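Coordinates in review
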Amino acid sequence: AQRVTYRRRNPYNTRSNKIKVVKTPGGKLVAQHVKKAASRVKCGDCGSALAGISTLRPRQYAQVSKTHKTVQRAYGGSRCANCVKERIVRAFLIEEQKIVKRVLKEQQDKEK
Amino acid sequence: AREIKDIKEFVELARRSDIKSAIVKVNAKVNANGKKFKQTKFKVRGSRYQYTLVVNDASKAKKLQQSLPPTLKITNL
Amino acid sequence: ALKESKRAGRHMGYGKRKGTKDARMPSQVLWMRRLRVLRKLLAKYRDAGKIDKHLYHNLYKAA
Amino acid sequence: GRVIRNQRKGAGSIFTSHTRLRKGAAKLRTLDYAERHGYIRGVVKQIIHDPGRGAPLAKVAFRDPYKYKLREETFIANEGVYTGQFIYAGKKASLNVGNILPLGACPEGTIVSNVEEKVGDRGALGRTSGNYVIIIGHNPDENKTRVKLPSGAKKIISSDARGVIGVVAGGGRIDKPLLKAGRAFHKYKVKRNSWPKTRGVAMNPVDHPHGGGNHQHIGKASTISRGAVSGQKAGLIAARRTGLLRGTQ
Amino acid sequence: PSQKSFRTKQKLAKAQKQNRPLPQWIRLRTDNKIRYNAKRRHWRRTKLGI
Amino acid sequence: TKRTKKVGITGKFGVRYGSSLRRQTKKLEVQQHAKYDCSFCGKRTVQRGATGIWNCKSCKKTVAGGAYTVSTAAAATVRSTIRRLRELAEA
RNA sequence: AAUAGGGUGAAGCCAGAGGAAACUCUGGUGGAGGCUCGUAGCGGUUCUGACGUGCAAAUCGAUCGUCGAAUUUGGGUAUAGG
RNA sequence: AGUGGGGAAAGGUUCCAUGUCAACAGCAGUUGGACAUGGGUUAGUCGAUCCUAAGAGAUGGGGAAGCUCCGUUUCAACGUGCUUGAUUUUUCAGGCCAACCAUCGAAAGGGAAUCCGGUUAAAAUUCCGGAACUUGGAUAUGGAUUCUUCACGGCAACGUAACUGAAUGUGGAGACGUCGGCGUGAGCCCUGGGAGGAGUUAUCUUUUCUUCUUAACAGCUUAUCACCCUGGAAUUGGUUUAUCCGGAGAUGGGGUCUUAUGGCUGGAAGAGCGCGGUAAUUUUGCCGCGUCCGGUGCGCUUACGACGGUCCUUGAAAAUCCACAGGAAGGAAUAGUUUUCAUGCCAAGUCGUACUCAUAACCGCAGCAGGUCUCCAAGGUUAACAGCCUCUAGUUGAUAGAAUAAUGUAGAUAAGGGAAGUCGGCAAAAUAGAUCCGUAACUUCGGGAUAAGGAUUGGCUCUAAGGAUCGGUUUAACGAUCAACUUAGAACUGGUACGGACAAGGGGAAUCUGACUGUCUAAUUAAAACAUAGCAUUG
Ligand SMILES: NC[C@@H]1O[C@H](O[C@H]2[C@@H](O)[C@H](O[C@@H]3[C@@H](O)[C@H](N)C[C@H](N)[C@H]3O[C@H]3O[C@H](CO)[C@@H](O)[C@H](O)[C@H]3N)O[C@@H]2CO)[C@H](N)[C@@H](O)[C@@H]1O
Ligand SMILES: NC[C@@H]1O[C@H](O[C@H]2[C@@H](O)[C@H](O[C@@H]3[C@@H](O)[C@H](N)C[C@H](N)[C@H]3O[C@H]3O[C@H](CO)[C@@H](O)[C@H](O)[C@H]3N)O[C@@H]2CO)[C@H](N)[C@@H](O)[C@@H]1O
Ligand SMILES: NC[C@@H]1O[C@H](O[C@H]2[C@@H](O)[C@H](O[C@@H]3[C@@H](O)[C@H](N)C[C@H](N)[C@H]3O[C@H]3O[C@H](CO)[C@@H](O)[C@H](O)[C@H]3N)O[C@@H]2CO)[C@H](N)[C@@H](O)[C@@H]1O
Ligand SMILES: NC[C@@H]1O[C@H](O[C@H]2[C@@H](O)[C@H](O[C@@H]3[C@@H](O)[C@H](N)C[C@H](N)[C@H]3O[C@H]3O[C@H](CO)[C@@H](O)[C@H](O)[C@H]3N)O[C@@H]2CO)[C@H](N)[C@@H](O)[C@@H]1O
Ligand SMILES: NC[C@@H]1O[C@H](O[C@H]2[C@@H](O)[C@H](O[C@@H]3[C@@H](O)[C@H](N)C[C@H](N)[C@H]3O[C@H]3O[C@H](CO)[C@@H](O)[C@H](O)[C@H]3N)O[C@@H]2CO)[C@H](N)[C@@H](O)[C@@H]1O
Ligand SMILES: NC[C@@H]1O[C@H](O[C@H]2[C@@H](O)[C@H](O[C@@H]3[C@@H](O)[C@H](N)C[C@H](N)[C@H]3O[C@H]3O[C@H](CO)[C@@H](O)[C@H](O)[C@H]3N)O[C@@H]2CO)[C@H](N)[C@@H](O)[C@@H]1O
Ligand SMILES: NC[C@@H]1O[C@H](O[C@H]2[C@@H](O)[C@H](O[C@@H]3[C@@H](O)[C@H](N)C[C@H](N)[C@H]3O[C@H]3O[C@H](CO)[C@@H](O)[C@H](O)[C@H]3N)O[C@@H]2CO)[C@H](N)[C@@H](O)[C@@H]1O
Ligand SMILES: NC[C@@H]1O[C@H](O[C@H]2[C@@H](O)[C@H](O[C@@H]3[C@@H](O)[C@H](N)C[C@H](N)[C@H]3O[C@H]3O[C@H](CO)[C@@H](O)[C@H](O)[C@H]3N)O[C@@H]2CO)[C@H](N)[C@@H](O)[C@@H]1O
Ligand SMILES: NC[C@@H]1O[C@H](O[C@H]2[C@@H](O)[C@H](O[C@@H]3[C@@H](O)[C@H](N)C[C@H](N)[C@H]3O[C@H]3O[C@H](CO)[C@@H](O)[C@H](O)[C@H]3N)O[C@@H]2CO)[C@H](N)[C@@H](O)[C@@H]1O
Ligand SMILES: NC[C@@H]1O[C@H](O[C@H]2[C@@H](O)[C@H](O[C@@H]3[C@@H](O)[C@H](N)C[C@H](N)[C@H]3O[C@H]3O[C@H](CO)[C@@H](O)[C@H](O)[C@H]3N)O[C@@H]2CO)[C@H](N)[C@@H](O)[C@@H]1O
Ligand SMILES: [Mg+2]
Ligand SMILES: [Mg+2]
Ligand SMILES: [Mg+2]
Ligand SMILES: [Mg+2]
Ligand SMILES: [Mg+2]
Ligand SMILES: [Mg+2]
Ligand SMILES: [Mg+2]
Ligand SMILES: [Mg+2]
Ligand SMILES: [Mg+2]
Ligand SMILES: [Mg+2]
Ligand SMILES: [Mg+2]
Ligand SMILES: [Mg+2]
Ligand SMILES: [Mg+2]
Ligand SMILES: [Mg+2]
Ligand SMILES: [Mg+2]
Ligand SMILES: [Mg+2]
Ligand SMILES: [Mg+2]
Ligand SMILES: [Mg+2]
Ligand SMILES: [Mg+2]
Ligand SMILES: [Mg+2]
Ligand SMILES: [Mg+2]
Ligand SMILES: [Mg+2]
Ligand SMILES: [Mg+2]
Ligand SMILES: [Mg+2]
Ligand SMILES: [Mg+2]
Ligand SMILES: [Mg+2]
Ligand SMILES: [Mg+2]
Ligand SMILES: [Mg+2]
Ligand SMILES: [Mg+2]
Ligand SMILES: [Mg+2]
Ligand SMILES: [Mg+2]
Ligand SMILES: [Mg+2]
Ligand SMILES: [Mg+2]
Ligand SMILES: [Mg+2]
Ligand SMILES: [Mg+2]
Ligand SMILES: [Mg+2]
Ligand SMILES: [Mg+2]
Ligand SMILES: [Mg+2]
Ligand SMILES: [Mg+2]
Ligand SMILES: [Mg+2]
Ligand SMILES: [Mg+2]
Ligand SMILES: [Mg+2]
Ligand SMILES: [Mg+2]
Ligand SMILES: [Mg+2]
Ligand SMILES: [Mg+2]
Ligand SMILES: [Mg+2]
Ligand SMILES: [Mg+2]
Ligand SMILES: [Mg+2]
Ligand SMILES: [Mg+2]
Ligand SMILES: [Mg+2]
Ligand SMILES: [Mg+2]
Ligand SMILES: [Mg+2]
Ligand SMILES: [Mg+2]
Ligand SMILES: [Mg+2]
Ligand SMILES: [Mg+2]
Ligand SMILES: [Mg+2]
Ligand SMILES: [Mg+2]
Ligand SMILES: [Mg+2]
Ligand SMILES: [Mg+2]
Ligand SMILES: [Mg+2]
Ligand SMILES: [Mg+2]
Ligand SMILES: [Mg+2]
Ligand SMILES: [Mg+2]
Ligand SMILES: [Mg+2]
Ligand SMILES: [Mg+2]
Ligand SMILES: [Mg+2]
Ligand SMILES: [Mg+2]
Ligand SMILES: [Mg+2]
Ligand SMILES: [Mg+2]
Ligand SMILES: [Mg+2]
Ligand SMILES: [Mg+2]
Ligand SMILES: [Mg+2]
Ligand SMILES: [Mg+2]
Ligand SMILES: [Zn+2]
Ligand SMILES: [Zn+2]
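This deposited entry lists X-ray crystallography as its structure determination method and 2.90 Å as its resolution.

Digging into the overall build of chain D
Looking only at helices and strands, one finds 3 helices and 12 strands in chain D. C-alpha atoms of chain D, sized along the principal axes, occupy 70 × 40 × 35 Å. In chain D, which comprises 249 residues, the share counted as buried stands at 39%. Considering only intrachain contacts with a sequence separation of at least 6, the fraction spanning at least 24 residues in chain D is 56%.

Looking at the protein's contact with RNA strand G
Of all residues adjacent to RNA strand G, which total 26 residues, the nearest are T20(C), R3(F), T4(F), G8(F) and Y17(F). One of the backbone N or O atoms of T1(F) is found 3.0 Å from a base oxygen in RNA strand G. Partitioned by chemical class, the residues of the surface near RNA strand G number 8 nonpolar, 11 polar and 7 charged.

Looking at unusual backbone geometry
The linkage connecting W195(D) with the following residue, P196(D), adopts the cis geometry, with an omega of -5°. Within the secondary structure, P196(D) is located in the loop between α3 (181-188) and β11 (223-224). Even without being a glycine, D31(E) presents a positive backbone phi close to 60°. Looking at where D31(E) falls in the secondary structure, it is placed in the segment after α1 (6-17). Even without a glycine there, the phi angle at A91(F) is positive, about 60°. Checked against the element boundaries, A91(F) lands in the segment after α2 (73-89). The class of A91(F) is exposed, set by a relative accessible area of 86%.

Notes on a nonpolar patch on the surface
Residue and element names in this part refer to chain A. Among the surface-exposed residues, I88, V89, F92 and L93 lie close enough to one another that they form a single nonpolar patch of about 410 Å² accessible area. Within the secondary structure layout, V89 lies in helix α1 (residues 81-107). Residue class for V89 comes out partly exposed when judged on its relative accessible area of 40%.

Focus: the interface of chain F and chain D
Opposite the 32 residues of chain F that make contact, chain D presents 34 residues. At the junction of chain F with chain D, the criterion picks out 1 salt bridge. Joining chain F to chain D, the criterion identifies 13 residue pairs in polar contact. Listed by contribution, the elements that provide at least two residues to the side of chain F that touches chain D are α1 (19-32), β3 (62-64) and α2 of chain F. Here the side of chain F that touches chain D is composed, by residue class, of 16 nonpolar, 11 polar and 5 charged.

Here's the deal with the pairing of strand β7 (residues 133-139) of chain D
Residue and element names in this part refer to chain D. In terms of strand pairing, strand β6 (residues 111-113) meets β7 through 2 bridges, oriented antiparallel. Across the sheet, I111 pairs through a bridge with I134, a residue of β7. Relative to strand β8 (residues 144-148), β7 is paired through 5 bridges, and the arrangement is antiparallel. Bridging from a neighbouring strand, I134 pairs with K148 of β8.

Thoughts on the sheet that holds strand β3 (residues 36-45) of chain B
All names here are of chain B. Here we have 5 strands laid out as an open sheet, ordered β1-β4-β3-β2-β5, and mixed in their pairing. Two strands in the sheet have a free side with no partner beyond their single neighbour: β1 (2-4) and β5 (73-76). In this sheet, neighbouring strand axes are inclined to one another by 25° on average, regardless of whether the strands run parallel or antiparallel. In the sheet, strand β2 (residues 21-30) pairs with β5 via 4 bridges, with the strands oriented parallel. Counted as the bridge partner of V24 is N76 from β5. Packing of helix α1 (residues 7-14) onto the sheet brings it into contact with β1, β3 and β4 (50-55), and relative to β4 it is tilted by some 140°. Those strands touched by helix α2 (residues 58-67) are β2, β3, β4 and β5, and its axis lies near 30° from that of β3.

Side note on α1(F)
All names here are of chain F. The end-to-end C-alpha distance of α1 is 20 Å, a good match for the 20 Å that 14 residues give at a rise of 1.5 Å each. Those residues of α1 lying buried are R22, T25, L28, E29 and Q32. At its buried positions, α1 is contacted by β1 (46-48) and β2 (53-56).

What to know about the protein's contact with RNA strand H
In the vicinity of RNA strand H lie 199 residues, with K36(A), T55(A), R73(A), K43(B) and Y60(C) positioned nearest. Between a sugar or linking oxygen of RNA strand H and a main-chain N or O atom of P58(A), the distance comes to 2.7 Å. Residue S65(A) places a side-chain N or O atom 2.9 Å away from a sugar or linking oxygen belonging to RNA strand H. Among the elements that take part in the surface near RNA strand H, helix α3 (residues 27-48) of chain C stands out by supplying 12 residues, more than any other. Per-class residue counts for the surface near RNA strand H are 72 nonpolar, 54 polar and 73 charged.

Quick notes on the sheet that holds β3(F)
Residue and element names in this part refer to chain F. Spatial ordering of the open sheet is given by β1-β2-β3, a layout of 3 strands whose pairing is antiparallel. Bordering the open sheet on either side are β1 and β3, each of which pairs with just one other strand. Strand after strand, the sheet turns through a mean of 30° between neighbouring axes, direction not considered. Relative to β3, β2 runs antiparallel, the two sharing 3 bridges. Across the sheet, residue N55 finds its bridge partner in β3, namely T62.

A short note on a positive patch on the surface
Residues and elements named next belong to chain C. A cluster of basic residues, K3, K6, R7, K16, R17, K21 and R24, forms a positive patch on the protein surface. Of all elements in the fold, only α1 (2-7) and α2 (21-24) reach the threshold of two or more residues within the positive patch. Residue contributions to the positive patch peak at 3 residues, all from α1.

Looking at the pairing of β4(B)
All names here are of chain B. Across 3 bridges, β1 lies against β4 in parallel orientation. Looking at the pairing, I4 lines up with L53 of β4. Pairing analysis gives 6 bridges linking β3 to β4, with the strands arranged antiparallel. Opposite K41, over in β4, you have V54 as the bridge partner. Where β3 hands over to β4, the hairpin turn is made up of 4 residues, counted between the paired strands.

Cut-offs used in this document
Residues numbered from 1 in each chain as written, not as in the entry; some residues may be left out. Chains lettered and ligands numbered in written order. Part of a larger assembly, values for the part shown. Heavy atoms only, no water. Helix = DSSP H or I, 4+ residues; strand = E, 2+ residues; numbered from the N terminus. Buried < 20%, exposed > 50% of the residue type's maximum accessible area, 1.4 Å probe, protein only. Contact = heavy atoms within 4.5 Å. Near = heavy atom within 4 Å. Polar contact = N/O pair within 3.5 Å; in protein donor to acceptor, adjacent residues only side chain to side chain. Nonpolar A, V, L, I, M, F, W, Y, C, P; charged D, E, K, R; others polar. Patch = residues over 30% accessible without salt bridge, like charges linked within 9 Å, V, L, I, M, F, W, Y side chains within 5 Å. Areas by Shrake-Rupley, 256 points an atom, 1.4 Å probe, with all protein chains shown as cover. Salt bridge = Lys/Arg side-chain N within 4 Å of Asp/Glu carboxyl O. Pairing = 2+ DSSP bridges. Axes fitted to C-alpha atoms, helices over the stretch in contact; angles between N-to-C directions. Expected span 1.5 Å × (residues − 1). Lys, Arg positive; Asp, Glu negative; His and termini not counted. Charge placed at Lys NZ, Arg CZ, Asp CG, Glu CD.

Now the structure itself:
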């Protein structure tokens, strides 16, 4: 079987010197240098992978359109759907309870 | 190279201001179960991309050939 | 010509074996092969209605 | 003779601490107006392992009172502190596990950790896993508090000095044997170059005061004066006593 | 190595140019005493120092 | 079947290190690899990360604990002492 | 950055049996370990072998220790003559 | 696991062509890594350059007689700051910030972007041909959007060609250890039909070997995991090789998303490959045909995916890019906005690039049996990348001829005895793979153990056992098709041979000693020495 060589001066199996083996239109077998696999965008609240956002190596995000980098919602590309839902409910319940705690201490500023 | 499928889209593209030349390639093929048919590929070379239109009908190809702008240089292969 | 001889069973006697029983045919592979056969049939019977989900669950743990 | 292993450590060439993997310095907040007069609330985001430390560390986010920003502090995690817990720090903070209070605000018998030697030094005492400081009593006229340290020593600190309510997490680590040289190797791989240790009696007289002899033996008393000089202080330095510890101390 | 600096490669160009034989018309000058280049260097025998 | 009469998890250590060292190891190594009840979600899904760090797989709550158990006896006592001193101080 | 192919079979898990209970037994599964046979690697026991104006200012041959970790190793970097 | 094909370090012209034999190639020499003359290394995409690592190191300062030492934001008034509307008044008006911020330090870390065919005597991811990509800059057309000004749809996960967003703030990516099995892909290996070419052909062989390939890039499509809607569960169900999940919503039904991977197509047959017919000293060709359709798997290598274990060990940083929160400012109707949608225009400087990488291009004084980091990896036998034979590729190099005394060096064999030799079983011999049976004292219960001790093993012809995919009132308990080598047994057979070469434990009973794994006297000592966990004392 035919054997391959590195295409660059780096002779070592490092993380950035990974190769694939590809068959050419000439019926030959050469090494083709691969780029590092992209990592998934992750949630800032729960750490889960965000759905609907392309997984690319960071510089490749600047030259691609916005629909790939976001979701049509609050905190679209930053927080997951479930984490925004808890934020909304928590914000609402907590702001509502602040009113109960306020009125209760105006009622005690006239009876105590 | 990008492929174009709609013939109407292809002729308007062939009159874009950056189109230098065109290639018409004829491939002799066979309809699998059927018999020999002559495929024709129209290739328009633009500034960024090469655009290919595949026309499997040998007669609509001839009509398309007379539908291209006369100014484009066409190479027959 | 050997491959037909070995497919017919030739050259496989005790005097022709150098690896252990488990290197030649791992018991972990045989177990995995068997338990996938049993699991595949049980889902076929339950999904065809030949057995119900209660007999299925008991036999799944027995397999 | 030669410079002995005691003396080569001060130069700190191969004897510096291995700190690549450390997760930050564990400190209390800088004592500010909010902690001096009231309390401030932060939320625990992480409880993480710090290499070279038996105690886990907690990352606690507070709001900055003066500019729009989040401030992340590295506290020593007390046992029972959980992710998402609200931590209250200040004079008016309540007596709950994990809260940071002045020493005068804690009643007698309060178990507190990461205690300040001096008001605002951000934690000096009782920082290792399973250790803590017990508050024995108060002297309100001079504003001072007496506490008992993990070594058993009693100390008097300003009552304005702060501490963290609870016991430092990760205790009981010493209860399990290491069982292997490799375990100590991995232990010190992220601490410093102090292992393994060659016995001075197994060296030559150039290398150590214990070196030499046609048998391995020290030859003179191994209790060394406190006033001895560098190169001599190898053994039991300023030893008040020797031998098996019998009875109470 | 194949990967070399400019400062190195410039020294190697001078080392090649200094490794000529003596030009033969020099022996014809009057009161000429130089018969050959006495500062020859072979790559395997004597090393440069770069 | 029952594979070992008494070594249990320390059967990975063979005959080395001494029986005394191995049985003392067994107690704390059973404790550090166990699953504990989550005080937040109620499942028995709390396991140790590094020493002193105990995470729950279900609700993703991390709690600071002991080296080999989620709670040491000393910490549990301090909570009740703190609970007690908090009640009198707050009346 | 590197480390063939085998052996053993620790926790956890499944099924069955016995027992009043506390529990025990059996058959599997699983794949632990500064575990093991053994290449490469790393090392260097014996022949007190060869050689001993040598291939070699330390090698050669067989034999041998270890071979998943306190492992082997490149480069960068730190420590300098009492 | 090469005497193959490349590289890093190091060398420096050794590379290629021509000539050539005085010296060198420990014989020779018409030959050479020698000698002489010329030629040769082409980059926006490959590395440097940028980033930071351990560390190095200026500055304000503080020491020091001083050479200098310390310190790295340090008891410092630390921006050669930016962003706009501009102004054409080359002045300004101001608006924001300045925790941290000199710098050097990686051709293996991080990192914007290129592929195929062809081409030289010698260069090529650099040249030619074709087809792309990134960054920076400029910029028009189309599209999009607005009279409900800064878009619509979907219950939702989210979808869309686009579809304002200052200061300031928050996240993500960059970004990472190790082991185990499972699954999937790719390349390789194996193999069928068919279309070509070569070899054998006394005889047999529908035979043996060989060609049948498809790059970067673009479009459409393709998913485990995760998530959404519905629904409400014991007769508990679902489920992995490996036991975990579910009233904190399972099973069931229907959907959303993510790189990876496959498919179709463009690139692209025009290329390359295999044949047939020709032109001709002939630069170089010209013509015609084919290049198609499959199968298989505990296979090998490697990538990815979903998982499980592990640690008193929890397994870099920074440059850089994106998103979100926020709501400053600016925005239409006779017209307004935006270059995150498509298309179009311009540019990408500097240095390295030949060749050797070793039993002859490096270091060991040398063309030295030594040393020196790494990538790819065919067939048979086999557990095996071992050993042995072979394909591709590469070598056939080592002064040679004639003889074959003693004594050697390396290697074989030996009657009967079997350690009597000797300090001593030194050396050699014996054992050796695999299946089945069987296995003691002692023990920290884990071991000891391959303990010991026995049997078997070839070839051939058979027998039996173990699956996959489809097809429907639950006798599918069956049919159809397809498919891998594993295990057990029998008969026959032979100069009783058979792990037939290769490969490959001798075993047992004890004493002294160190617990163990581990470590050292490079170049006479590997040990009982050192270390170690454990124990104890001291500050
Ligand atoms: N050409 C295939 C794929 O097409 C992509 O093109 C798509 C992307 O530009 C964008 O894709 C969207 C995107 O908004 C975001 N990633 C989410 C969404 N799921 C994707 O969706 C798209 O891809 C899926 C998958 O094939 C299709 O089934 C679907 O029809 C299509 N809308 O919209 C395009 C429509 O297909 C990539 N440009 C290309 O690199 C990739 O190969
Ligand atoms: N009471 C003061 C205590 O100092 C303690 O520690 C102090 C010191 O022991 C410690 O030493 C630091 C050293 O780490 C780091 N290199 C910074 C500093 N130069 C040293 O400080 C030292 O040197 C200074 C001279 O500079 C002298 O005052 C003294 O020798 C000593 N404080 O740094 C601290 C001060 O910088 C604790 N931080 C805390 O208990 C408290 O602040
Ligand atoms: N890095 C400076 C810090 O401050 C101190 O540093 C010490 C030094 O600055 C200085 O110590 C000197 C030392 O310079 C010198 N080279 C050796 C001398 N033995 C030390 O002296 C010290 O120890 C001795 C012995 O117990 C006492 O008798 C003496 O009082 C004490 N000053 O004084 C300090 C001790 O008093 C702390 N030891 C320690 O936190 C750290 O070194
Ligand atoms: N001179 C006698 C023989 O040569 C040997 O020399 C060693 C090497 O020079 C020789 O080459 C090895 C081998 O794996 C193979 N045949 C080629 C491979 N490139 C080399 O492998 C290795 O070489 C050196 C030295 O071992 C290593 O340090 C390095 O990591 C690695 N490249 O293999 C030997 C080791 O197996 C030894 N001196 C001796 O043990 C052996 O019997
Ligand atoms: N919500 C969690 C986040 O955790 C953050 O804390 C972490 C981050 O600041 C930083 O984490 C980095 C991250 O910044 C960066 N974008 C890369 C990666 N996502 C993280 O990586 C972290 O976790 C991975 C897990 O395998 C480890 O390999 C890595 O060593 C570790 N730093 O290191 C911290 C410790 O892991 C912050 N507290 C905050 O952003 C937020 O709370
Ligand atoms: N331009 C940047 C690059 O874009 C790439 O984009 C690739 C993807 O968008 C898309 O890849 C598709 C993939 O979506 C789909 N699920 C499978 C399909 N086979 C792939 O196709 C691609 O990759 C395969 C190899 O797997 C090639 O054989 C094929 O020629 C190529 N078009 O086609 C593009 C081919 O370049 C990659 N994301 C990555 O290499 C990188 O980001
Ligand atoms: N494939 C499974 C999935 O993919 C991921 O998992 C991938 C890896 O992260 C994971 O690796 C192992 C894991 O198996 C094991 N049970 C725990 C272990 N800590 C992980 O290791 C990890 O730790 C380091 C920390 O520095 C990470 O940086 C790194 O991602 C990974 N090596 O194994 C997977 C390899 O295919 C995610 N962890 C998660 O979504 C899920 O497990
Ligand atoms: N542009 C060439 C690049 O810079 C350098 O080349 C430049 C220098 O050699 C030289 O620069 C001189 C400078 O030496 C001298 N001391 C001052 C003079 N003004 C410079 O001149 C140059 O630089 C100025 C800016 O300073 C430019 O405005 C001007 O256009 C340019 N000629 O002029 C060259 C043109 O820029 C490198 N030598 C070259 O290899 C590299 O490609
Ligand atoms: N059984 C293992 C095999 O033994 C083989 O070896 C066999 C023969 O080579 C070996 O012969 C050896 C001889 O080589 C060696 N130099 C000396 C010895 N006297 C001979 O031994 C033989 O003769 C003696 C006569 O008394 C008898 O015991 C018997 O016939 C036999 N062992 O006897 C062995 C059989 O007993 C091979 N080494 C190899 O294939 C494999 O190891
Ligand atoms: N499992 C052992 C099996 O034995 C087989 O053969 C064995 C038997 O089948 C056979 O024995 C047969 C016996 O069955 C039958 N009743 C009588 C016959 N004479 C024997 O055979 C014998 O004699 C014949 C000549 O007749 C010779 O081939 C030879 O001496 C011997 N095989 O000979 C072997 C005696 O044990 C194969 N040899 C072997 O490959 C296979 O593994
Ligand atoms: Mg890796
Ligand atoms: Mg095209
Ligand atoms: Mg058989
Ligand atoms: Mg098993
Ligand atoms: Mg010691
Ligand atoms: Mg000694
Ligand atoms: Mg002395
Ligand atoms: Mg003395
Ligand atoms: Mg002595
Ligand atoms: Mg001695
Ligand atoms: Mg002693
Ligand atoms: Mg005496
Ligand atoms: Mg006592
Ligand atoms: Mg040399
Ligand atoms: Mg010199
Ligand atoms: Mg193994
Ligand atoms: Mg071992
Ligand atoms: Mg071993
Ligand atoms: Mg070793
Ligand atoms: Mg030797
Ligand atoms: Mg000798
Ligand atoms: Mg001699
Ligand atoms: Mg060996
Ligand atoms: Mg080094
Ligand atoms: Mg001296
Ligand atoms: Mg081999
Ligand atoms: Mg030459
Ligand atoms: Mg000669
Ligand atoms: Mg001669
Ligand atoms: Mg020359
Ligand atoms: Mg690049
Ligand atoms: Mg530059
Ligand atoms: Mg630094
Ligand atoms: Mg300095
Ligand atoms: Mg100065
Ligand atoms: Mg500098
Ligand atoms: Mg730099
Ligand atoms: Mg440097
Ligand atoms: Mg680099
Ligand atoms: Mg061509
Ligand atoms: Mg080419
Ligand atoms: Mg070449
Ligand atoms: Mg080109
Ligand atoms: Mg729209
Ligand atoms: Mg990294
Ligand atoms: Mg692995
Ligand atoms: Mg794996
Ligand atoms: Mg695979
Ligand atoms: Mg590419
Ligand atoms: Mg895949
Ligand atoms: Mg926003
Ligand atoms: Mg080259
Ligand atoms: Mg040599
Ligand atoms: Mg060799
Ligand atoms: Mg020299
Ligand atoms: Mg010779
Ligand atoms: Mg001769
Ligand atoms: Mg012989
Ligand atoms: Mg005899
Ligand atoms: Mg006889
Ligand atoms: Mg006898
Ligand atoms: Mg005798
Ligand atoms: Mg012997
Ligand atoms: Mg046996
Ligand atoms: Mg024994
Ligand atoms: Mg004795
Ligand atoms: Mg020992
Ligand atoms: Mg003892
Ligand atoms: Mg020695
Ligand atoms: Mg030894
Ligand atoms: Mg020795
Ligand atoms: Mg010792
Ligand atoms: Mg004490
Ligand atoms: Zn979330
Ligand atoms: Zn929980």
